[PDB]
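Peer 1: I'd like to ask some things about the structure below.
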Amino acid sequence: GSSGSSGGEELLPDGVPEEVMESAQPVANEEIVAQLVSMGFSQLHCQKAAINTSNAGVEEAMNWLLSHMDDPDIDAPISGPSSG
């Protein structure tokens with residue numbers, strides 16, 4: 038028997054191969070953020086959190102924060118020079 042499997046592509050594509058992305062993203066609710074930013078959190082994060090939770094609820098947003106408090110992304114900007 039034989040499997041055979043090995044190849045190299047190298048370099049990354051520009052955006053996404055086939056099927057382009059569309060406009061459909063959450064927004065750091067001003068209410069959920071204004072609430073978090075009040076609770077004693079970082080707006081930036083308060084934003085991400087909510088967003089991360091589609092601003093499902095202040096609790097959700099925070100919960101995320103409590104799970105994204107000690108993260109590098111928490112520092113990363115929401116809208117910047119994307120790259121990955």
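All you need for the numbering used here is the position in the sequence shown, starting with 1, plus 37. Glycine residues also receive a C-beta, built at the ideal position from the N, C-alpha and C atoms.
Shortest alpha-carbon distance to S119 belongs to which of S75, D51, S42 and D107?
Peer 2: Comparing Cα-Cα distances from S119 to each of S75, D51, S42 and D107, the minimum goes to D51.
Peer 1: Give me the Cα-Cα distance between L48 and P54, rounded to the nearest whole angstrom.
Peer 2: When rounded, the distance between both Cα atoms is 13 Å.
Peer 1: Apart from the five residues on each side of it in sequence, which residues of its chain come closer than 8 Å, Cβ to Cβ, to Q62?
Peer 2: Answer for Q62: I88, listed in chain order.
Peer 1: Can you tell me whether DSSP reads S60 as helix, strand or coil?
Peer 2: If DSSP states are grouped into helix, strand and coil, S60 belongs with coil.
Peer 1: Can you give the Cα-Cα distance for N92 and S43, rounded to whole angstroms?
Peer 2: Each residue's Cα considered, the two are about 43 Å apart.
Peer 1: Count the other CB atoms, across all protein chains shown, that sit within 10 Å of the CB of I115; report buried if there are 16 or more and exposed otherwise.
Peer 2: When all chains shown are included, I115 counts as exposed.
Peer 1: Classify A87 as helix, strand or coil using the three-state DSSP reduction.
Peer 2: Reduced to three states, the DSSP call for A87 is helix.
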